[PDB]
There are 2 protein chains.
Amino acid sequence: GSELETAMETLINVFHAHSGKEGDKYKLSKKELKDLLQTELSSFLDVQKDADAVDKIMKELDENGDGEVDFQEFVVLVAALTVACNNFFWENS
Amino acid sequence: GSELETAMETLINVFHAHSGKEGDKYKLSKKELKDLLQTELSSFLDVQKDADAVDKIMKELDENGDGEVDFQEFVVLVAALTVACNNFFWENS
Ligand SMILES: [Ca+2]
Ligand SMILES: [Ca+2]
Ligand SMILES: [Ca+2]
Ligand SMILES: [Ca+2]
């Protein structure tokens, strides 16, 4: 099946849906990623309600203080945090 | 939309489709991950043709030499490698 493959194609499409909407299509930005999580992962990855949560999240990515992200840094950080949350409910049954 | 959200639900379902098929449903294994990539990401992440490629890939994950993976280690390693490949074709246009 393409279920797992479809997983890579989908995050890449929404990624180019908002990332290229700001014009900076060659680099991601702090506001661009804010839209992607609050759009489909708002309930899981809290972010829209805690705007401070997005400043902290980009800080690990923008460790360079570039206020911009290379998108690759983003996938590794949120990938581990959300995956851990699913096991959190399963751990207590 | 749930396109990005659907991305997390799909890799998690196939993950529990083969991971729980070996009985070791509490921990992933070297053969379990081999099936997930060769099943839907065979063409992108070469693996089935280069069985040596799977030994090397788990080595970074099983840096502990446990021949077993915590699944979380897996998502971060293959997440960055496949994402980079998509930009490889885009970089040369
Ligand atoms: Ca962008
Ligand atoms: Ca950055
Ligand atoms: Ca398993
Ligand atoms: Ca491991």
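Indices start at 1 and increase along the chain as displayed.
Header says: solution NMR.
In case you wondered, yes, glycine gets a Cβ from its N, Cα and C as well.
Swiss-Prot has this to say about the protein:
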BINDING   B:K27, B:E32  Ca(2+) 1 binding site
BINDING   B:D62, B:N64, B:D66, B:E68, B:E73  Ca(2+) 2 binding site
DOMAIN    B:12-47  domain 'EF-hand 1'
DOMAIN    B:49-84  domain 'EF-hand 2'
MOD_RES   B:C85  S-nitrosocysteine
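According to its DSSP assignment, B:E68 (Ca(2+) 2 binding site) is in a strand.
Taking B:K27, B:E32, B:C85 as the recorded positions under consideration, the smallest Cα distance to B:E73 (Ca(2+) 2 binding site) is found for B:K27.
Screening the binding-site residues B:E32, B:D62, B:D66 for a C-beta under 6 A from any atom of ligand 4 leaves B:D62, B:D66. Here the Cα atom of B:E32 (Ca(2+) 1 binding site) is found 23 Å from that of B:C85 (S-nitrosocysteine).
For ligand 3, the binding-site residues lying close by, meaning a CB under 6 A from one of its atoms, are B:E32; the full candidate list was B:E32, B:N64, B:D66, B:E73. B:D62 (Ca(2+) 2 binding site) falls outside any helix or strand according to DSSP and counts as coil.
Report note: the Ca(2+) 2 site is defined by B:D62, B:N64, B:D66, B:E68, B:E73, and the residues of the same chain whose CB lies within 8 Å of the CB centroid of those residues, excluding them, are B:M58, B:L61, B:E63, B:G65, B:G67, B:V69, B:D70. Helix, strand and coil counts under DSSP for the domain 'EF-hand 1' (B:12-47) come to 21 helix, 2 strand, 13 coil. Residues within less than 8 Å, Cβ to Cβ, of B:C85 (S-nitrosocysteine) and separated from it by at least 6 positions along the same chain comprise B:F44, B:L45. The Cβ of B:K27 (Ca(2+) 1 binding site) has B:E68, B:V69, B:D70 as same-chain neighbours under 8 Å, each 6 or more residues away in sequence. Within 10 Å of its Cβ, the residue among the binding-site residues B:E32, B:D62, B:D66 with the fewest other Cβ atoms is B:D66. All protein chains considered, the CB of B:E73 (Ca(2+) 2 binding site) has 17 other CB atoms within 10 Å.
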